[PDB]
Ligand SMILES: CC(C)n1c(Nc2ccccc2)nc2cnc(Nc3ccc(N4CCN(C)CC4)cc3)nc21
Ligand SMILES: [Cl-]
């Protein structure tokens, strides 16, 4: 096992300003903000995630594990941590994704969303996921809600709070592989099953999974051999791939690098694998912004 030499960057609260609340849930809230690095003359659009005024020690121990992971990843399809702030309670700063999470995005734009885009996201997510596998990381919470849109073309994975290294002792039931539900067993392959669900979410345009069914129920349903329905826009090819992600024997399930390859192919003839009405028709998208630099553009030594 190699040494992790990721640099953890420490930021002063003076370096950045919160502007809106992007989302508020549970313990903590995420802000849209601007970060200007010290003496750099660049402004970077950022999200800032912080917990409640309650500063309880256990919660911090959870946010710092997350930061740790996000600090340790470098892929175009994975969200990375810019740095952290220690001023009262910990905050995580990372690059902002303007269009929000993918799940919201498909629901909002279904009528302008096309086969090429859906296939591309699939390729992209599988890429981010393959990277994590390379780094031996199990996301353990992959959902459409945890994919973020920089742009319609570009998406990245996020929410590494539940992330573990593979083979480590250390709840979203619906996205969970059966082995995980029965035995709390997680492997990259468990991760793969979740990918299949995420894909199902996009093809059904944000439809809820096993809607109307209680989670306690779900283990039984899966046990019986039940699985998610084939989406209307889905060819048998595409659905066939999803179904492979949901096999009892996890070694029979596809590898993320296979998934990249198969969806990659489909993306060269997108109309053959996804049937959507008016597919051809569809197209998709504070005073001084001169100095605005995206995080992807902004780079540091190392
Ligand atoms: C809001 C959460 C999902 N988030 C975290 N979370 C996060 C997790 C760990 C560390 C740092 C951030 N990083 C984020 C980075 N970027 C964005 N962007 C973004 C998020 C939400 C929205 N909207 C606008 C449309 N609304 C209908 C729904 C809310 C627009 C843009 N969100 C992030
Ligand atoms: Cl759930």
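Which one is nearest to residue 118 (Cα to Cα) among residues in the range 144-161 that are within 16 Å of ligand 2 (Cβ to nearest atom) and touching a helix residue (DSSP H, G or I) at 6+ places or on another chain (Cβ under 6 Å)? Taking the candidates together, the pick is 144. Residue 70 meets each of the listed conditions (1) farther than 19 Å from residue 195 by Cβ; (2) in contact with a helix residue (DSSP H, G or I) (Cβ under 8 Å, 6 or more places away or on another chain); (3) more than 12 Å from ligand 1 (Cβ to nearest atom) apart from (3). Does residue 173 satisfy being within 16 Å of ligand 2 (Cβ to nearest atom), farther than 23 Å from residue 119 by Cβ, assigned to a loop (DSSP other than H, G, I, E, B) and touching a helix residue (DSSP H, G or I) at 6+ places or on another chain (Cβ under 6 Å)? When the stated conditions are applied, residue 173 passes them. For the range 183-213, a residue qualifies if it is farther than 17 Å from residue 247 by Cα, assigned to a helix (DSSP H, G or I) and within 16 Å of ligand 1 (Cβ to nearest atom), and exactly one does: 201.
Here is a check on your reading of the model: is residue 106 out of contact with any strand residue (DSSP E or B) (no Cβ under 9 Å at 6 or more places or on another chain) and buried (at least 19 other Cβ atoms within 10 Å of the Cβ)?
When the stated conditions are applied, residue 106 passes them.
Cβ-Cβ distances below 8 Å connect the following pairs, each with a first residue in the range 154-177 that is more than 20 Å from residue 62 (Cα to Cα), a second residue that is within 13 Å of ligand 1 (Cβ to nearest atom) and in a loop (DSSP other than H, G, I, E, B), and a separation of six or more residues or different chains: 156/79; 156/97; 156/150; 175/141; 175/143. Exactly one residue out of 11, 119, 7 is more than 30 Å from residue 280 (Cβ to Cβ) and buried (at least 16 other Cβ atoms within 10 Å of the Cβ): that is 11. Among residues that are crowded, with 19+ Cβ neighbours inside 10 Å, outside any loop (DSSP other than H, G, I, E, B) and assigned by CATH to the domain that holds residue 129, residue 241 is included.
Residue by residue, here is whether (1) under 29 Å from residue 256 (Cα atoms); (2) assigned by CATH to the domain that holds residue 262; (3) within 16 Å of ligand 2 (Cβ to nearest atom); (4) more than 14 Å from the chain's Cα centre (by Cα) holds:
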{"residue": "38", "(1), (2), (3), (4)": "no, no, no, yes"}
{"residue": "43", "(1), (2), (3), (4)": "no, no, no, yes"}
{"residue": "48", "(1), (2), (3), (4)": "no, no, no, yes"}
{"residue": "52", "(1), (2), (3), (4)": "no, no, no, yes"}
{"residue": "64", "(1), (2), (3), (4)": "yes, no, no, yes"}
{"residue": "78", "(1), (2), (3), (4)": "yes, no, no, no"}
{"residue": "103", "(1), (2), (3), (4)": "yes, yes, yes, no"}
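Among the residues of this structure, residue 135 does not count as one that is within 16 Å of ligand 1 (Cβ to nearest atom) and closer than 26 Å to residue 176 by Cβ. Cβ-Cβ distances below 7 Å connect the following pairs, each with a first residue in the range 49-72 that is on the phi < 0 side of the Ramachandran plot, a second residue that is within 13 Å of ligand 1 (Cβ to nearest atom) and part of a helix (DSSP H, G or I), and a separation of six or more residues or different chains: 51/63; 62/161; 66/160; 66/161; 69/160; 70/160. Every condition in (1) part of a helix (DSSP H, G or I); (2) surrounded by fewer than 23 Cβ atoms within 10 Å (Cβ to Cβ); (3) within 13 Å of ligand 2 (Cβ to nearest atom) is met by residue 220 except one, and the failing one is (3). May I ask you to verify whether residue 253 is under 22 Å from the mean Cα position of the chain (by Cα), in a loop (DSSP other than H, G, I, E, B) and either within 16 Å of ligand 2 (Cβ to nearest atom) or farther than 14 Å from residue 174 by Cβ (or both)? It is true that residue 253 is under 22 Å from the mean Cα position of the chain (by Cα), in a loop (DSSP other than H, G, I, E, B) and either within 16 Å of ligand 2 (Cβ to nearest atom) or farther than 14 Å from residue 174 by Cβ (or both).
All of this is worked out from the model, or read from it or from the source named; these are not laboratory values. Neighbour counts run over all protein chains shown; Cβ positions are idealised from the backbone, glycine included.
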